[PDB]
Amino acid sequence: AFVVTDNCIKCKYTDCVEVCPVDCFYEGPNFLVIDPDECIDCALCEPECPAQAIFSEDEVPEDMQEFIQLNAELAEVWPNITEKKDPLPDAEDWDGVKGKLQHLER
Ligand code: SF4
Ligand code: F3S
């Protein structure tokens, strides 16, 4: 599975959904997650994230380990997203800010 980690929060560019062959991205107010059961690990989405927020599960930084189980849980409750949309309004003011998990919205 590939995993979306911290820098997606309040950026949510959605460039990643274009390239997904299986449509396994699920949409929240200010973040996207990958459903781990659906993901086929094609790795096509991770060059496409402008925030460089996507990682192979086995490469998730030590300090972002929580995001693996978070993707799995929120994928069960959030709606599937299959079309790119516009980035959140202030997405590049927040791109690269560390510690954005405290801003996640359900
Ligand atoms: S690795 Fe492939 S299947 Fe998995 S979320 Fe990314 S593009 Fe979709
Ligand atoms: S910022 Fe998030 S919405 Fe997709 S393109 Fe990157 S994982």
# chains A, B, ... in the order shown; residues from 1 in each chain; ligands from 1
>>> closest_atom_pairs(of="stretch 21-46 of chain A", to="stretch 88-92 of chain A", cutoff="12 Å", atoms="only C-alpha atoms", output="Markdown table")
| residue | atom | partner | partner_atom | distance |
| --- | --- | --- | --- | --- |
| A:28 | CA | A:88 | CA | 11.8 |
| A:29 | CA | A:88 | CA | 9.5 |
| A:30 | CA | A:88 | CA | 7.6 |
| A:31 | CA | A:88 | CA | 9.7 |
| A:32 | CA | A:88 | CA | 11.9 |
>>> write_last_selection(atoms="N, CA, C and O atoms", output="compact mmCIF listing (two decimals), in the first residue's frame")
# COMPACT_ATOMS: atom_id res chain seq x y z
N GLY A 28 -11.41 13.62 2.47
CA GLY A 28 -11.80 14.30 3.66
C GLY A 28 -11.71 15.78 3.43
O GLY A 28 -11.23 16.25 2.39
N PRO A 29 -12.21 16.58 4.39
CA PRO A 29 -12.27 18.03 4.26
C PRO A 29 -10.95 18.64 3.86
O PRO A 29 -10.92 19.43 2.92
N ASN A 30 -9.82 18.23 4.45
CA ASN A 30 -8.52 18.81 4.13
C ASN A 30 -7.38 17.80 3.97
O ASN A 30 -6.21 18.14 4.13
N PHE A 31 -7.70 16.59 3.54
CA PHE A 31 -6.69 15.58 3.46
C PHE A 31 -7.26 14.49 2.57
O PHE A 31 -8.49 14.38 2.49
N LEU A 32 -6.42 13.71 1.88
CA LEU A 32 -6.87 12.48 1.20
C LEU A 32 -6.18 11.24 1.86
O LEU A 32 -5.08 11.39 2.41
>>> residues_around(residues="residue A:77", least_positions_apart="4", cutoff="10 Å", atoms="only C-alpha atoms", output="list in words")
residues 26, 27, 28, 72, 73 and 106 of chain A
>>> write_last_selection(atoms="N, CA, C and O atoms", output="PDB file, in the first residue's frame")
ATOM      1  N   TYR A  26      -9.722   8.377  -0.970  1.00  0.00           N
ATOM      2  CA  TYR A  26     -10.966   8.681  -0.260  1.00  0.00           C
ATOM      3  C   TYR A  26     -10.729  10.062   0.307  1.00  0.00           C
ATOM      4  O   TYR A  26      -9.650  10.432   0.745  1.00  0.00           O
ATOM      5  N   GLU A  27     -11.751  10.862   0.246  1.00  0.00           N
ATOM      6  CA  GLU A  27     -11.674  12.288   0.431  1.00  0.00           C
ATOM      7  C   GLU A  27     -12.208  12.812   1.762  1.00  0.00           C
ATOM      8  O   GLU A  27     -13.319  12.490   2.173  1.00  0.00           O
ATOM      9  N   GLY A  28     -11.411  13.617   2.470  1.00  0.00           N
ATOM     10  CA  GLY A  28     -11.802  14.298   3.662  1.00  0.00           C
ATOM     11  C   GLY A  28     -11.707  15.781   3.435  1.00  0.00           C
ATOM     12  O   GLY A  28     -11.231  16.249   2.387  1.00  0.00           O
ATOM     13  N   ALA A  72      -5.791   3.731   6.732  1.00  0.00           N
ATOM     14  CA  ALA A  72      -6.621   2.546   6.781  1.00  0.00           C
ATOM     15  C   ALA A  72      -7.968   2.821   7.421  1.00  0.00           C
ATOM     16  O   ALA A  72      -8.998   2.580   6.777  1.00  0.00           O
ATOM     17  N   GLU A  73      -8.028   3.450   8.607  1.00  0.00           N
ATOM     18  CA  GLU A  73      -9.271   3.847   9.248  1.00  0.00           C
ATOM     19  C   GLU A  73     -10.083   4.897   8.535  1.00  0.00           C
ATOM     20  O   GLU A  73     -11.304   4.806   8.405  1.00  0.00           O
ATOM     21  N   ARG A 106     -12.139  15.627  10.363  1.00  0.00           N
ATOM     22  CA  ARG A 106     -12.882  14.439  10.016  1.00  0.00           C
ATOM     23  C   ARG A 106     -14.108  14.755   9.156  1.00  0.00           C
ATOM     24  O   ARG A 106     -14.665  15.842   9.296  1.00  0.00           O
TER      25      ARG A 106
END
>>> residues_around(residues="residue A:102", least_positions_apart="4", cutoff="12 Å", atoms="only C-alpha atoms", output="NGL selection string")
:A and (6-7 or 9-10 or 30 or 97-98 or 106)
>>> residues_near_ligand(ligand="ligand 2", cutoff="6 Å", atoms="only C-alpha atoms and all ligand atoms", output="PyMOL selection string")
chain A and resi 4+8+11-16+31-32+49-51+53-54
>>> write_last_selection(atoms="N, CA, C and O atoms", output="compact mmCIF listing (two decimals), in the first residue's frame")
# COMPACT_ATOMS: atom_id res chain seq x y z
N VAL A 4 -0.75 8.37 2.44
CA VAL A 4 -0.60 9.83 2.34
C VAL A 4 -0.20 10.29 3.74
O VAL A 4 -0.78 9.82 4.72
N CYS A 8 0.11 16.53 3.11
CA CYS A 8 -1.11 16.64 2.32
C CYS A 8 -2.16 17.53 3.07
O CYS A 8 -3.00 18.26 2.48
N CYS A 11 -3.27 21.10 2.15
CA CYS A 11 -2.75 21.35 0.81
C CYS A 11 -3.75 20.62 -0.06
O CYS A 11 -4.51 21.34 -0.71
N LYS A 12 -3.92 19.28 -0.01
CA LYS A 12 -4.91 18.53 -0.76
C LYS A 12 -5.03 18.99 -2.23
O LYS A 12 -6.05 19.50 -2.71
N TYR A 13 -3.89 18.84 -2.93
CA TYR A 13 -3.79 19.22 -4.35
C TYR A 13 -4.65 18.40 -5.30
O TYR A 13 -5.21 18.92 -6.29
N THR A 14 -4.85 17.14 -4.91
CA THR A 14 -5.54 16.07 -5.58
C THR A 14 -4.95 15.64 -6.93
O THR A 14 -5.52 14.85 -7.66
N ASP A 15 -3.75 16.05 -7.32
CA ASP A 15 -3.08 15.58 -8.53
C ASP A 15 -2.94 14.05 -8.58
O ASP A 15 -3.10 13.38 -9.63
N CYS A 16 -2.76 13.44 -7.39
CA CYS A 16 -2.59 11.99 -7.21
C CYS A 16 -3.76 11.15 -7.72
O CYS A 16 -3.57 10.03 -8.22
N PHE A 31 -7.70 16.59 3.54
CA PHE A 31 -6.69 15.58 3.46
C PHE A 31 -7.26 14.49 2.57
O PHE A 31 -8.49 14.38 2.49
N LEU A 32 -6.42 13.71 1.88
CA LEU A 32 -6.87 12.48 1.20
C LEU A 32 -6.18 11.24 1.86
O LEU A 32 -5.08 11.39 2.41
N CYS A 49 2.35 13.82 -6.42
CA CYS A 49 1.96 14.70 -5.33
C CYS A 49 2.83 15.98 -5.25
O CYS A 49 4.04 15.90 -4.94
N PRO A 50 2.35 17.21 -5.45
CA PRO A 50 3.23 18.38 -5.37
C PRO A 50 3.77 18.52 -3.95
O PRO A 50 4.92 18.89 -3.76
N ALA A 51 3.05 18.12 -2.91
CA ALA A 51 3.51 18.23 -1.53
C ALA A 51 4.48 17.12 -1.16
O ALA A 51 4.92 17.04 0.00
N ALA A 53 3.90 14.13 -0.32
CA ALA A 53 3.30 13.54 0.86
C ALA A 53 3.03 12.04 0.73
O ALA A 53 2.65 11.43 1.74
N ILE A 54 3.19 11.40 -0.45
CA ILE A 54 2.90 9.98 -0.57
C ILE A 54 4.15 9.12 -0.46
O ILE A 54 5.18 9.48 -0.99
>>> closest_residue(among="A:57, A:18, A:40, A:99", to="ligand 1", atoms="only C-alpha atoms and all ligand atoms")
A:40
>>> closest_residue(among="A:64, A:43, A:3, A:74", to="residue A:105", atoms="only C-alpha atoms")
A:74
>>> residues_near_ligand(ligand="ligand 1", cutoff="9 Å", atoms="only C-alpha atoms and all ligand atoms", output="number ranges by chain")
A: 1-4, 16-25, 33-36, 38-46, 54-56
>>> write_last_selection(atoms="C-alpha atoms", output="PDB file, in the first residue's frame")
ATOM      1  CA  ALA A   1       0.000   0.000   0.000  1.00  0.00           C
ATOM      2  CA  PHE A   2       1.040   3.607  -0.519  1.00  0.00           C
ATOM      3  CA  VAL A   3       0.216   6.021   2.327  1.00  0.00           C
ATOM      4  CA  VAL A   4      -0.602   9.833   2.343  1.00  0.00           C
ATOM      5  CA  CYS A  16      -2.589  11.992  -7.209  1.00  0.00           C
ATOM      6  CA  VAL A  17      -6.112  10.815  -8.058  1.00  0.00           C
ATOM      7  CA  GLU A  18      -5.488  11.221 -11.860  1.00  0.00           C
ATOM      8  CA  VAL A  19      -2.932   8.572 -12.084  1.00  0.00           C
ATOM      9  CA  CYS A  20      -4.558   5.942  -9.797  1.00  0.00           C
ATOM     10  CA  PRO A  21      -5.586   2.910 -11.911  1.00  0.00           C
ATOM     11  CA  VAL A  22      -7.913   1.546  -9.190  1.00  0.00           C
ATOM     12  CA  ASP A  23      -9.410   4.649  -7.704  1.00  0.00           C
ATOM     13  CA  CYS A  24      -8.477   3.976  -4.140  1.00  0.00           C
ATOM     14  CA  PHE A  25      -8.264   7.584  -2.756  1.00  0.00           C
ATOM     15  CA  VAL A  33      -6.116   8.820   2.277  1.00  0.00           C
ATOM     16  CA  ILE A  34      -5.339   5.646   0.225  1.00  0.00           C
ATOM     17  CA  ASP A  35      -7.321   2.505   0.980  1.00  0.00           C
ATOM     18  CA  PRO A  36      -4.600  -0.083   1.698  1.00  0.00           C
ATOM     19  CA  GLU A  38      -7.365  -1.561  -2.792  1.00  0.00           C
ATOM     20  CA  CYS A  39      -4.034  -0.025  -3.566  1.00  0.00           C
ATOM     21  CA  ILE A  40      -2.098  -2.206  -6.003  1.00  0.00           C
ATOM     22  CA  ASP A  41       1.298  -0.494  -5.199  1.00  0.00           C
ATOM     23  CA  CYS A  42       1.817   0.676  -8.783  1.00  0.00           C
ATOM     24  CA  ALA A  43       3.634   3.737  -7.273  1.00  0.00           C
ATOM     25  CA  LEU A  44       2.341   6.057  -9.998  1.00  0.00           C
ATOM     26  CA  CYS A  45       0.869   8.595  -7.530  1.00  0.00           C
ATOM     27  CA  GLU A  46       3.949   9.395  -5.632  1.00  0.00           C
ATOM     28  CA  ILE A  54       2.896   9.977  -0.567  1.00  0.00           C
ATOM     29  CA  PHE A  55       5.161   7.095   0.545  1.00  0.00           C
ATOM     30  CA  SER A  56       5.326   3.416   0.077  1.00  0.00           C
TER      31      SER A  56
END
>>> select_by_dssp(residues="stretch 1-101 of chain A", states="helix (DSSP H, G or I)", output="JSON, numbers by chain")
{"A": [6, 7, 8, 16, 17, 18, 19, 57, 58, 59, 62, 63, 64, 66, 67, 68, 69, 70, 71, 72, 73, 74, 91, 92, 93, 94, 100, 101]}
>>> write_last_selection(atoms="N, CA and C atoms", output="mmCIF file, in the first residue's frame")
data_model
loop_
_atom_site.group_PDB
_atom_site.id
_atom_site.type_symbol
_atom_site.label_atom_id
_atom_site.label_comp_id
_atom_site.auth_asym_id
_atom_site.auth_seq_id
_atom_site.Cartn_x
_atom_site.Cartn_y
_atom_site.Cartn_z
ATOM 1 N N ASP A 6 1.709 13.614 6.381
ATOM 2 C CA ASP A 6 1.387 14.918 6.951
ATOM 3 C C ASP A 6 1.275 16.090 6.015
ATOM 4 N N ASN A 7 2.121 16.190 4.981
ATOM 5 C CA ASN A 7 2.116 17.416 4.219
ATOM 6 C C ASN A 7 0.909 17.587 3.304
ATOM 7 N N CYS A 8 0.105 16.532 3.108
ATOM 8 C CA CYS A 8 -1.113 16.643 2.322
ATOM 9 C C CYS A 8 -2.160 17.529 3.068
ATOM 10 N N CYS A 16 -2.761 13.438 -7.390
ATOM 11 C CA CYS A 16 -2.589 11.992 -7.209
ATOM 12 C C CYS A 16 -3.765 11.151 -7.719
ATOM 13 N N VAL A 17 -5.014 11.648 -7.630
ATOM 14 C CA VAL A 17 -6.112 10.815 -8.058
ATOM 15 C C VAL A 17 -6.098 10.574 -9.572
ATOM 16 N N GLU A 18 -5.507 11.432 -10.415
ATOM 17 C CA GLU A 18 -5.488 11.221 -11.860
ATOM 18 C C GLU A 18 -4.827 9.970 -12.338
ATOM 19 N N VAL A 19 -3.764 9.646 -11.652
ATOM 20 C CA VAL A 19 -2.932 8.572 -12.084
ATOM 21 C C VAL A 19 -3.300 7.220 -11.498
ATOM 22 N N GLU A 57 4.366 2.326 2.039
ATOM 23 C CA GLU A 57 4.211 1.954 3.432
ATOM 24 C C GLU A 57 5.520 1.648 4.153
ATOM 25 N N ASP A 58 6.375 0.938 3.450
ATOM 26 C CA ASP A 58 7.674 0.517 3.950
ATOM 27 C C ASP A 58 8.760 1.574 3.942
ATOM 28 N N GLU A 59 8.379 2.768 3.490
ATOM 29 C CA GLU A 59 9.285 3.907 3.475
ATOM 30 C C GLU A 59 8.744 5.120 4.243
ATOM 31 N N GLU A 62 9.899 7.416 10.168
ATOM 32 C CA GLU A 62 9.663 6.988 11.545
ATOM 33 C C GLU A 62 8.660 7.848 12.329
ATOM 34 N N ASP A 63 8.840 9.153 12.133
ATOM 35 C CA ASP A 63 7.934 10.067 12.803
ATOM 36 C C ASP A 63 6.579 10.220 12.110
ATOM 37 N N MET A 64 6.226 9.482 11.050
ATOM 38 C CA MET A 64 4.943 9.592 10.389
ATOM 39 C C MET A 64 4.267 8.248 10.384
ATOM 40 N N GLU A 66 2.165 6.895 12.211
ATOM 41 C CA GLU A 66 0.788 6.923 12.609
ATOM 42 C C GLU A 66 -0.069 6.989 11.370
ATOM 43 N N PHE A 67 0.469 7.567 10.285
ATOM 44 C CA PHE A 67 -0.356 7.743 9.088
ATOM 45 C C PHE A 67 -0.750 6.487 8.392
ATOM 46 N N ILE A 68 0.022 5.391 8.579
ATOM 47 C CA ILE A 68 -0.312 4.108 7.987
ATOM 48 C C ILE A 68 -1.652 3.642 8.505
ATOM 49 N N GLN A 69 -1.851 3.528 9.825
ATOM 50 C CA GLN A 69 -3.135 3.131 10.377
ATOM 51 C C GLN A 69 -4.187 4.202 10.148
ATOM 52 N N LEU A 70 -3.866 5.502 10.187
ATOM 53 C CA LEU A 70 -4.835 6.555 9.858
ATOM 54 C C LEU A 70 -5.427 6.429 8.446
ATOM 55 N N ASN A 71 -4.628 6.129 7.428
ATOM 56 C CA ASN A 71 -5.144 5.931 6.065
ATOM 57 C C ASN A 71 -6.125 4.809 6.033
ATOM 58 N N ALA A 72 -5.791 3.731 6.732
ATOM 59 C CA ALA A 72 -6.621 2.546 6.781
ATOM 60 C C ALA A 72 -7.968 2.821 7.421
ATOM 61 N N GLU A 73 -8.028 3.450 8.607
ATOM 62 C CA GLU A 73 -9.271 3.847 9.248
ATOM 63 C C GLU A 73 -10.083 4.897 8.535
ATOM 64 N N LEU A 74 -9.506 5.996 8.047
ATOM 65 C CA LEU A 74 -10.337 7.020 7.430
ATOM 66 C C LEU A 74 -10.833 6.605 6.070
ATOM 67 N N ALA A 91 -3.209 26.419 -0.164
ATOM 68 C CA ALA A 91 -2.376 25.243 -0.140
ATOM 69 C C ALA A 91 -0.888 25.520 -0.181
ATOM 70 N N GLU A 92 -0.395 26.539 -0.854
ATOM 71 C CA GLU A 92 1.052 26.629 -0.763
ATOM 72 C C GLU A 92 1.621 27.428 0.375
ATOM 73 N N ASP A 93 0.774 28.092 1.161
ATOM 74 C CA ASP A 93 1.238 28.663 2.413
ATOM 75 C C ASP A 93 1.514 27.537 3.400
ATOM 76 N N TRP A 94 0.723 26.435 3.362
ATOM 77 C CA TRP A 94 0.839 25.304 4.235
ATOM 78 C C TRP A 94 1.730 24.210 3.696
ATOM 79 N N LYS A 100 1.195 19.215 10.790
ATOM 80 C CA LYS A 100 -0.159 19.534 10.378
ATOM 81 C C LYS A 100 -1.254 18.583 10.806
ATOM 82 N N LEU A 101 -0.948 17.466 11.450
ATOM 83 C CA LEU A 101 -1.904 16.469 11.896
ATOM 84 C C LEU A 101 -2.860 17.086 12.913
#
